[PDB]
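Before any questions on how it binds or moves, here is one chain, the form deposited in one PDB entry, in structure tokens.
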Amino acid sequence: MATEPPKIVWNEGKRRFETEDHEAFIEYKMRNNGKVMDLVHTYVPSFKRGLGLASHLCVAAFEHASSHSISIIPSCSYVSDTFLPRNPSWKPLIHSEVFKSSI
């Protein structure tokens, strides 16, 4: 069901998700005492630049917060701007997209 070809590892020490390559990772921090997850820095090597993986890292933080009923703010908004209009499933977590569709 949720078997991703990539193996995105969670580093709770760095509060980050690292792909099967570990060179691509997504960071975040839980703001407001842990009510809002600030998704910080989506990165991916040359091998998987425009393969979606970078955005999947951002989505991994979505999957984490959504299931735990947490809110999110993506500084990864490169993902948010293009990807979130592509899959508007994470609006209930964040603003909506990069920044718009919000106050």
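Counting begins at 1, following the sequence as shown.
Although it is not shown, the form solved in complex with a small molecule is what the next lines describe.
Contact check at 4.5 Å (heavy atoms) against the small molecule in the bound PDB entry: all three of 44, 50 and 76 pass. At a distance threshold of 4.5 angstroms between non-hydrogen atoms, residue 20 is out of contact with the small molecule in the bound PDB entry. The small molecule in the bound PDB entry is approached by residue 40, whose closest heavy atom lies within 4.5 angstroms of it.
In the bound PDB entry, at least one heavy atom of residue 82 sits within 4.5 Å of a heavy atom of the small molecule.
Taking non-hydrogen atoms only, residue 54 approaches the small molecule to within 4.5 angstroms in the bound PDB entry.
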